[PDB]
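Okay, input_37.txt now, which holds compact mmCIF, N, CA, C and O atoms:
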```txt
# COMPACT_ATOMS: atom_id res chain seq x y z
N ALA A 496 10.89 -29.25 -21.66
CA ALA A 496 10.25 -30.51 -21.34
C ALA A 496 11.25 -31.48 -20.72
O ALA A 496 10.87 -32.38 -19.96
N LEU A 497 12.53 -31.32 -21.04
CA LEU A 497 13.54 -32.20 -20.48
C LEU A 497 13.81 -31.91 -19.01
O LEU A 497 13.55 -32.76 -18.15
N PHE A 498 14.31 -30.71 -18.69
CA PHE A 498 14.61 -30.35 -17.30
C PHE A 498 13.85 -29.08 -16.93
O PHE A 498 14.34 -27.96 -17.10
N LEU A 499 12.64 -29.27 -16.41
CA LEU A 499 11.88 -28.18 -15.79
C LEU A 499 10.85 -28.83 -14.88
O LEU A 499 9.89 -29.44 -15.38
N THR A 500 11.04 -28.70 -13.57
CA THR A 500 10.16 -29.36 -12.62
C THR A 500 8.79 -28.69 -12.61
O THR A 500 8.67 -27.48 -12.76
N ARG A 501 7.75 -29.51 -12.43
CA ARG A 501 6.39 -28.98 -12.35
C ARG A 501 6.21 -28.11 -11.11
O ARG A 501 5.56 -27.06 -11.17
N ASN A 502 6.78 -28.53 -9.98
CA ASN A 502 6.68 -27.79 -8.73
C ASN A 502 8.04 -27.21 -8.38
O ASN A 502 8.99 -27.96 -8.10
N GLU A 503 8.14 -25.89 -8.37
CA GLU A 503 9.38 -25.21 -8.02
C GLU A 503 9.40 -24.95 -6.52
O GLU A 503 8.45 -24.41 -5.95
N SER A 504 10.51 -25.34 -5.88
CA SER A 504 10.59 -25.34 -4.43
C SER A 504 11.77 -24.48 -3.97
O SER A 504 12.67 -24.16 -4.75
N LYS A 505 11.74 -24.12 -2.69
CA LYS A 505 12.78 -23.35 -2.02
C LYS A 505 13.07 -22.03 -2.74
O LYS A 505 14.18 -21.83 -3.25
N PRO A 506 12.11 -21.11 -2.81
CA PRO A 506 12.39 -19.80 -3.40
C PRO A 506 13.29 -18.97 -2.49
O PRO A 506 13.26 -19.12 -1.26
N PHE A 507 14.08 -18.10 -3.10
CA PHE A 507 14.96 -17.23 -2.34
C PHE A 507 14.16 -16.16 -1.62
O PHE A 507 13.16 -15.65 -2.13
N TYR A 508 14.60 -15.82 -0.41
CA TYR A 508 13.86 -14.86 0.41
C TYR A 508 13.81 -13.49 -0.25
O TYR A 508 12.78 -12.80 -0.20
N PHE A 509 14.92 -13.06 -0.86
CA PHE A 509 14.89 -11.82 -1.63
C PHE A 509 13.98 -11.96 -2.85
O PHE A 509 13.25 -11.03 -3.20
N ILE A 510 14.01 -13.13 -3.50
CA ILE A 510 13.12 -13.37 -4.63
C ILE A 510 11.67 -13.34 -4.18
O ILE A 510 10.80 -12.79 -4.87
N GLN A 511 11.37 -13.93 -3.02
CA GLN A 511 10.01 -13.88 -2.50
C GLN A 511 9.59 -12.45 -2.21
O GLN A 511 8.45 -12.06 -2.49
N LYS A 512 10.49 -11.64 -1.64
CA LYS A 512 10.21 -10.21 -1.52
C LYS A 512 10.09 -9.58 -2.90
O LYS A 512 9.26 -8.68 -3.11
N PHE A 513 10.91 -10.02 -3.85
CA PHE A 513 10.77 -9.55 -5.22
C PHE A 513 9.43 -9.95 -5.81
O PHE A 513 8.80 -9.17 -6.53
N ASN A 514 8.96 -11.17 -5.50
CA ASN A 514 7.69 -11.64 -6.04
C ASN A 514 6.53 -10.78 -5.55
O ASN A 514 5.63 -10.45 -6.33
N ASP A 515 6.52 -10.42 -4.27
CA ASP A 515 5.48 -9.53 -3.76
C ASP A 515 5.63 -8.13 -4.36
O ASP A 515 4.62 -7.47 -4.66
N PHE A 516 6.87 -7.66 -4.52
CA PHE A 516 7.09 -6.36 -5.14
C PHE A 516 6.55 -6.35 -6.57
O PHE A 516 5.84 -5.43 -6.98
N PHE A 517 6.85 -7.41 -7.33
CA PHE A 517 6.35 -7.49 -8.70
C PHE A 517 4.84 -7.67 -8.72
O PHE A 517 4.17 -7.20 -9.65
N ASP A 518 4.28 -8.32 -7.70
CA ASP A 518 2.84 -8.50 -7.64
C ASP A 518 2.12 -7.18 -7.43
O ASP A 518 1.14 -6.87 -8.12
N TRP A 519 2.59 -6.37 -6.48
CA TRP A 519 1.96 -5.06 -6.31
C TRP A 519 2.27 -4.16 -7.50
O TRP A 519 1.46 -3.28 -7.85
N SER A 520 3.41 -4.37 -8.16
CA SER A 520 3.71 -3.63 -9.37
C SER A 520 2.69 -3.92 -10.46
O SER A 520 2.19 -3.00 -11.12
N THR A 521 2.36 -5.20 -10.66
CA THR A 521 1.38 -5.54 -11.69
C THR A 521 -0.02 -5.13 -11.26
O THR A 521 -0.88 -4.83 -12.10
N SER A 522 -0.27 -5.08 -9.94
CA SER A 522 -1.55 -4.54 -9.47
C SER A 522 -1.69 -3.07 -9.83
O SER A 522 -2.74 -2.64 -10.33
N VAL A 523 -0.64 -2.28 -9.59
CA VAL A 523 -0.67 -0.87 -9.95
C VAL A 523 -0.75 -0.71 -11.47
O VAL A 523 -1.40 0.20 -11.98
N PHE A 524 -0.08 -1.60 -12.20
CA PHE A 524 -0.17 -1.58 -13.66
C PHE A 524 -1.61 -1.81 -14.13
O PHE A 524 -2.10 -1.10 -15.01
N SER A 525 -2.29 -2.79 -13.54
CA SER A 525 -3.68 -3.05 -13.90
C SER A 525 -4.57 -1.86 -13.53
O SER A 525 -5.48 -1.50 -14.28
N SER A 526 -4.32 -1.25 -12.37
CA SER A 526 -5.09 -0.08 -11.97
C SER A 526 -4.90 1.06 -12.96
O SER A 526 -5.86 1.74 -13.35
N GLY A 527 -3.65 1.29 -13.38
CA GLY A 527 -3.39 2.34 -14.35
C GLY A 527 -4.03 2.04 -15.69
O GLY A 527 -4.55 2.94 -16.35
N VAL A 528 -4.01 0.78 -16.11
CA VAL A 528 -4.66 0.40 -17.36
C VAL A 528 -6.16 0.66 -17.29
O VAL A 528 -6.76 1.20 -18.22
N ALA A 529 -6.79 0.29 -16.17
CA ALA A 529 -8.22 0.54 -16.01
C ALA A 529 -8.51 2.03 -16.02
O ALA A 529 -9.48 2.47 -16.66
N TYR A 530 -7.69 2.82 -15.34
CA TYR A 530 -7.90 4.27 -15.32
C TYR A 530 -7.76 4.86 -16.72
O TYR A 530 -8.54 5.74 -17.11
N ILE A 531 -6.77 4.40 -17.48
CA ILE A 531 -6.58 4.90 -18.84
C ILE A 531 -7.77 4.53 -19.72
O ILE A 531 -8.30 5.37 -20.46
N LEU A 532 -8.22 3.28 -19.64
CA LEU A 532 -9.35 2.84 -20.46
C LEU A 532 -10.63 3.56 -20.06
O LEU A 532 -11.55 3.70 -20.88
N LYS A 533 -10.71 4.03 -18.81
CA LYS A 533 -11.89 4.76 -18.38
C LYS A 533 -12.07 6.06 -19.16
O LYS A 533 -13.18 6.39 -19.57
N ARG A 534 -10.98 6.79 -19.38
CA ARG A 534 -11.01 8.05 -20.13
C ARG A 534 -10.00 7.97 -21.26
O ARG A 534 -8.80 8.16 -21.07
N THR A 535 -10.50 7.68 -22.46
CA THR A 535 -9.63 7.47 -23.61
C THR A 535 -9.12 8.79 -24.18
O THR A 535 -7.96 8.89 -24.60
N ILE A 536 -9.97 9.82 -24.19
CA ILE A 536 -9.70 11.04 -24.96
C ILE A 536 -8.44 11.72 -24.46
O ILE A 536 -7.60 12.17 -25.26
N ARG A 537 -8.28 11.84 -23.14
CA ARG A 537 -7.13 12.54 -22.60
C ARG A 537 -5.83 11.83 -22.96
O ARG A 537 -4.83 12.48 -23.29
N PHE A 538 -5.83 10.50 -22.93
CA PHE A 538 -4.60 9.77 -23.24
C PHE A 538 -4.32 9.76 -24.74
O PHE A 538 -3.16 9.71 -25.17
N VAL A 539 -5.37 9.83 -25.57
CA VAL A 539 -5.16 10.03 -27.00
C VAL A 539 -4.49 11.38 -27.25
O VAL A 539 -3.55 11.50 -28.05
N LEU A 540 -4.97 12.42 -26.56
CA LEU A 540 -4.33 13.73 -26.67
C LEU A 540 -2.90 13.69 -26.14
O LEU A 540 -2.01 14.37 -26.67
N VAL A 541 -2.66 12.90 -25.09
CA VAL A 541 -1.30 12.72 -24.57
C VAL A 541 -0.41 12.11 -25.64
O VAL A 541 0.74 12.51 -25.82
N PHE A 542 -0.92 11.11 -26.36
CA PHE A 542 -0.16 10.49 -27.43
C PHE A 542 0.15 11.48 -28.55
O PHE A 542 1.27 11.51 -29.08
N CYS A 543 -0.83 12.31 -28.91
CA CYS A 543 -0.59 13.33 -29.93
C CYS A 543 0.47 14.33 -29.48
O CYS A 543 1.35 14.72 -30.26
N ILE A 544 0.40 14.76 -28.22
CA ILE A 544 1.41 15.66 -27.67
C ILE A 544 2.77 14.99 -27.65
O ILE A 544 3.81 15.63 -27.87
N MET A 545 2.80 13.68 -27.40
CA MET A 545 4.05 12.94 -27.43
C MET A 545 4.65 12.94 -28.83
O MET A 545 5.87 13.07 -28.98
```

Would you write out, as structure tokens, the structure that this file holds?
Amino acid sequence: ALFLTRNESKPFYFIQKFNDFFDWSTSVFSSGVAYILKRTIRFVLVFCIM
């Protein structure tokens, strides 16, 4: 609350590339989560095999 600006400005160009990389990473993560939740039984068996 002391020093943290509400609006963060001037992001680094590599960080901005990192931000898009992390964004598509979380998109693929959400897709994988949806695929796993679609078929529970196989991943339960995967956990047992693990």

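Straight-line separation from atom C of residue 517 in chain A to CA of residue 535 in chain A: 25.7 Å.
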
Between CA of residue 539 in chain A and atom N of residue 520 in chain A, measure the distance and give it in Å to one decimal.
25.2 Å

Please return the centre and edge lengths, in Å to one decimal, of a box with edges along x, y and z that contains all listed atoms of range 503-516 of chain A, widened by 6 Å on every side, as JSON.
```
{"center_x": 9.8, "center_y": -15.7, "center_z": -4.0, "size_x": 22.3, "size_y": 32.5, "size_z": 20.8}
```

Quick one: DSSP alpha helix (DSSP H) residues in chain A, as JSON, numbers by chain?
{"A": [508, 509, 510, 511, 512, 513, 514, 515, 516, 517, 518, 519, 520, 521, 522, 523, 524, 525, 526, 527, 528, 529, 530, 531, 532, 533, 535, 536, 537, 538, 539, 540, 541, 542, 543, 544]}

Pull N, CA, C and O atoms from the residues just selected and write them as a CSV table (one decimal), keeping the file's coordinate frame.
```csv
chain,number,residue,atom,x,y,z
A,508,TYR,N,14.6,-15.8,-0.4
A,508,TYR,CA,13.9,-14.9,0.4
A,508,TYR,C,13.8,-13.5,-0.2
A,508,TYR,O,12.8,-12.8,-0.2
A,509,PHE,N,14.9,-13.1,-0.9
A,509,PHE,CA,14.9,-11.8,-1.6
A,509,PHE,C,14.0,-12.0,-2.8
A,509,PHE,O,13.2,-11.0,-3.2
A,510,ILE,N,14.0,-13.1,-3.5
A,510,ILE,CA,13.1,-13.4,-4.6
A,510,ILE,C,11.7,-13.3,-4.2
A,510,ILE,O,10.8,-12.8,-4.9
A,511,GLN,N,11.4,-13.9,-3.0
A,511,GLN,CA,10.0,-13.9,-2.5
A,511,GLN,C,9.6,-12.4,-2.2
A,511,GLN,O,8.4,-12.1,-2.5
A,512,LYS,N,10.5,-11.6,-1.6
A,512,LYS,CA,10.2,-10.2,-1.5
A,512,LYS,C,10.1,-9.6,-2.9
A,512,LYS,O,9.3,-8.7,-3.1
A,513,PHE,N,10.9,-10.0,-3.8
A,513,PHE,CA,10.8,-9.6,-5.2
A,513,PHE,C,9.4,-10.0,-5.8
A,513,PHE,O,8.8,-9.2,-6.5
A,514,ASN,N,9.0,-11.2,-5.5
A,514,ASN,CA,7.7,-11.6,-6.0
A,514,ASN,C,6.5,-10.8,-5.6
A,514,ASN,O,5.6,-10.4,-6.3
A,515,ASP,N,6.5,-10.4,-4.3
A,515,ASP,CA,5.5,-9.5,-3.8
A,515,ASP,C,5.6,-8.1,-4.4
A,515,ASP,O,4.6,-7.5,-4.7
A,516,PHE,N,6.9,-7.7,-4.5
A,516,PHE,CA,7.1,-6.4,-5.1
A,516,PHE,C,6.6,-6.4,-6.6
A,516,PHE,O,5.8,-5.4,-7.0
A,517,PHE,N,6.8,-7.4,-7.3
A,517,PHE,CA,6.4,-7.5,-8.7
A,517,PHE,C,4.8,-7.7,-8.7
A,517,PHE,O,4.2,-7.2,-9.6
A,518,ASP,N,4.3,-8.3,-7.7
A,518,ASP,CA,2.8,-8.5,-7.6
A,518,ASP,C,2.1,-7.2,-7.4
A,518,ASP,O,1.1,-6.9,-8.1
A,519,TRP,N,2.6,-6.4,-6.5
A,519,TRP,CA,2.0,-5.1,-6.3
A,519,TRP,C,2.3,-4.2,-7.5
A,519,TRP,O,1.5,-3.3,-7.8
A,520,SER,N,3.4,-4.4,-8.2
A,520,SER,CA,3.7,-3.6,-9.4
A,520,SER,C,2.7,-3.9,-10.5
A,520,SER,O,2.2,-3.0,-11.1
A,521,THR,N,2.4,-5.2,-10.7
A,521,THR,CA,1.4,-5.5,-11.7
A,521,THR,C,0.0,-5.1,-11.3
A,521,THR,O,-0.9,-4.8,-12.1
A,522,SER,N,-0.3,-5.1,-9.9
A,522,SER,CA,-1.6,-4.5,-9.5
A,522,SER,C,-1.7,-3.1,-9.8
A,522,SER,O,-2.7,-2.6,-10.3
A,523,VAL,N,-0.6,-2.3,-9.6
A,523,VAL,CA,-0.7,-0.9,-10.0
A,523,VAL,C,-0.8,-0.7,-11.5
A,523,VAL,O,-1.4,0.2,-12.0
A,524,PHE,N,-0.1,-1.6,-12.2
A,524,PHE,CA,-0.2,-1.6,-13.7
A,524,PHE,C,-1.6,-1.8,-14.1
A,524,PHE,O,-2.1,-1.1,-15.0
A,525,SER,N,-2.3,-2.8,-13.5
A,525,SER,CA,-3.7,-3.0,-13.9
A,525,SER,C,-4.6,-1.9,-13.5
A,525,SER,O,-5.5,-1.5,-14.3
A,526,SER,N,-4.3,-1.2,-12.4
A,526,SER,CA,-5.1,-0.1,-12.0
A,526,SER,C,-4.9,1.1,-13.0
A,526,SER,O,-5.9,1.7,-13.4
A,527,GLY,N,-3.6,1.3,-13.4
A,527,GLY,CA,-3.4,2.3,-14.4
A,527,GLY,C,-4.0,2.0,-15.7
A,527,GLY,O,-4.6,2.9,-16.4
A,528,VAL,N,-4.0,0.8,-16.1
A,528,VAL,CA,-4.7,0.4,-17.4
A,528,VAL,C,-6.2,0.7,-17.3
A,528,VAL,O,-6.8,1.2,-18.2
A,529,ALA,N,-6.8,0.3,-16.2
A,529,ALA,CA,-8.2,0.5,-16.0
A,529,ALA,C,-8.5,2.0,-16.0
A,529,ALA,O,-9.5,2.5,-16.7
A,530,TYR,N,-7.7,2.8,-15.3
A,530,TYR,CA,-7.9,4.3,-15.3
A,530,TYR,C,-7.8,4.9,-16.7
A,530,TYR,O,-8.5,5.7,-17.1
A,531,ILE,N,-6.8,4.4,-17.5
A,531,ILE,CA,-6.6,4.9,-18.8
A,531,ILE,C,-7.8,4.5,-19.7
A,531,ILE,O,-8.3,5.4,-20.5
A,532,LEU,N,-8.2,3.3,-19.6
A,532,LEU,CA,-9.4,2.8,-20.5
A,532,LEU,C,-10.6,3.6,-20.1
A,532,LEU,O,-11.6,3.7,-20.9
A,533,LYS,N,-10.7,4.0,-18.8
A,533,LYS,CA,-11.9,4.8,-18.4
A,533,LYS,C,-12.1,6.1,-19.2
A,533,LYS,O,-13.2,6.4,-19.6
A,535,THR,N,-10.5,7.7,-22.5
A,535,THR,CA,-9.6,7.5,-23.6
A,535,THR,C,-9.1,8.8,-24.2
A,535,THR,O,-8.0,8.9,-24.6
A,536,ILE,N,-10.0,9.8,-24.2
A,536,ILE,CA,-9.7,11.0,-25.0
A,536,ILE,C,-8.4,11.7,-24.5
A,536,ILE,O,-7.6,12.2,-25.3
A,537,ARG,N,-8.3,11.8,-23.1
A,537,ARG,CA,-7.1,12.5,-22.6
A,537,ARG,C,-5.8,11.8,-23.0
A,537,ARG,O,-4.8,12.5,-23.3
A,538,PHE,N,-5.8,10.5,-22.9
A,538,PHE,CA,-4.6,9.8,-23.2
A,538,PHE,C,-4.3,9.8,-24.7
A,538,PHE,O,-3.2,9.7,-25.2
A,539,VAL,N,-5.4,9.8,-25.6
A,539,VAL,CA,-5.2,10.0,-27.0
A,539,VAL,C,-4.5,11.4,-27.2
A,539,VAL,O,-3.6,11.5,-28.0
A,540,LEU,N,-5.0,12.4,-26.6
A,540,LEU,CA,-4.3,13.7,-26.7
A,540,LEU,C,-2.9,13.7,-26.1
A,540,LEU,O,-2.0,14.4,-26.7
A,541,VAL,N,-2.7,12.9,-25.1
A,541,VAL,CA,-1.3,12.7,-24.6
A,541,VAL,C,-0.4,12.1,-25.6
A,541,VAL,O,0.7,12.5,-25.8
A,542,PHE,N,-0.9,11.1,-26.4
A,542,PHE,CA,-0.2,10.5,-27.4
A,542,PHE,C,0.2,11.5,-28.6
A,542,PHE,O,1.3,11.5,-29.1
A,543,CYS,N,-0.8,12.3,-28.9
A,543,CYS,CA,-0.6,13.3,-29.9
A,543,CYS,C,0.5,14.3,-29.5
A,543,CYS,O,1.4,14.7,-30.3
A,544,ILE,N,0.4,14.8,-28.2
A,544,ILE,CA,1.4,15.7,-27.7
A,544,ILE,C,2.8,15.0,-27.6
A,544,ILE,O,3.8,15.6,-27.9
```
